[PDB]
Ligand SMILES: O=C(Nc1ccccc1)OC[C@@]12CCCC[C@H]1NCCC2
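Shown next as structure tokens: one chain only, the form solved without the named molecule.
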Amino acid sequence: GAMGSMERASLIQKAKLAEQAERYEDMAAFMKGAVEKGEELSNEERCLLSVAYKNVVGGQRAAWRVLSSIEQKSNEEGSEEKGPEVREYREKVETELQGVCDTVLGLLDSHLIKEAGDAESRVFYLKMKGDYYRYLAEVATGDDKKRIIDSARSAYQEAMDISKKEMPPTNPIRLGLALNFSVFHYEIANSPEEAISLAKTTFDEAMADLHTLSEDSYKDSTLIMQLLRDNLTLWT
């Protein structure tokens, strides 16, 4: 690894600098280097890892969607044959996105998840595993597509099971997991009723628990609750 010679603390410091500079590819490479030191991650470090890769893959997904839309319009009837270039370039972006997903899933499997014993770490990593299989599913078309979808479902489900037993309904990790699993149901599993039911039940159970929270915790929980409501409004 190109980060193997840098101190763990220096990698974390530089990931924070990269975030301030909006250099998310650098941020992700620094956090990959920190994970590969082999020590468990703190809550803040997990946040840095997730934010870095979410921004990298988010840009790739946005580009993939632009190119896929152009590719589909070029394949309708009446469109002029533009040659292989749109498909080739969509494939190039797709392969780069798959590579990033494989990298994150590799960090989770070697060995973040197996060493995560507390609910807050284990749920966070299993949510990430579901997210990155979900991103693979968005672009999947081959023999393993159903297994990719089910790998996302399985990871999200294990995270949900732990979160329901070990975390309050307002815990932002539990809320963010439910938000994303609900989107998985809607966009990946073709299960809009499950997506809506999960978002509504999550929202209502969190609402009933807000009275236990400090002002700071209330702000974090209500932020994600608003995203749940935003999706419910989009879907109903």
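Start at 1 and count along the sequence shown; that's the residue number.
Omitted from view is the form deposited with the named molecule bound, to which the following refers.
Put simply, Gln226 is close to the named molecule in the bound PDB entry: some heavy atom of it is within 4.5 Å. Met207 belongs to the set of residues with a heavy atom inside 4.5 Å of the named molecule in the bound PDB entry. Residues of 207-223 placing a heavy atom within 4.5 Å of the named molecule in the bound PDB entry, in sequence order: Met207, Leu210, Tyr218, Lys219, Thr222.
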